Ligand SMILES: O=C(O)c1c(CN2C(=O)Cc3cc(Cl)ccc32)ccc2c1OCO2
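Encoded as structure tokens, the following chain is the form solved without this ligand, with no partner shown.
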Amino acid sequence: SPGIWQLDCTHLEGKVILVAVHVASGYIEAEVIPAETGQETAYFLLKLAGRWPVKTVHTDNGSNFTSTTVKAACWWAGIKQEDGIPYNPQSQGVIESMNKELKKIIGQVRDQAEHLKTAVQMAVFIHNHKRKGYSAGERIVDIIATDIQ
């Protein structure tokens, strides 16, 4: 549970926003890329896994699941790559609602930066610090610390 992340890819302004969600906490990391390739996905996972103890990633589609670049990066970083199949049918909705919520925050901050990437990082900040009582950022830290002990 403390090690499980879901990949999610969403679109805005003709660009792609790649998101990793820590499932148990709702904490997120995100980046803007011109399009989702195996190489961009591989690099984003490498970044993520040097920052958090990533044990399992539920990939966002079959092309990243198949990608030899993604597989090489998951091997390198000690990540088990799984499918993102929502056997739990409530997962489709949780991700859709997160995408909708992130896009709302981005629109709330959009005018405070020229570049999309900046507004996306502002939205990451607001999402992770929002108390819901603990924030997503407090929850992930608590979950992993508990796991270390």
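The first residue of the sequence shown is number 1, and the count goes up from there.
Missing here is the form deposited with this ligand bound; even so, the following discussion is about that form.
Engineer: Could you check the pocket for me: superposition on the site C-alphas, this ligand placed as it sits in the bound PDB entry, then open or blocked, blocked being at least 3 ligand atoms within 2.4 Å of backbone or C-beta atoms?
Structural biologist: If you fit this ligand onto this chain using the C-alphas around its site, the pocket comes out open.
Engineer: So in the bound PDB entry, are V57, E82 and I85 all sitting within 4.5 Å of this ligand, heavy atoms only?
Structural biologist: The answer is no; none of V57, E82 and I85 reaches this ligand.
Engineer: Does any residue in 112 to 136 get within 4.5 Å of this ligand in the bound PDB entry, counting heavy atoms only, and if so which ones?
Structural biologist: The stretch touches the partner through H127 alone.
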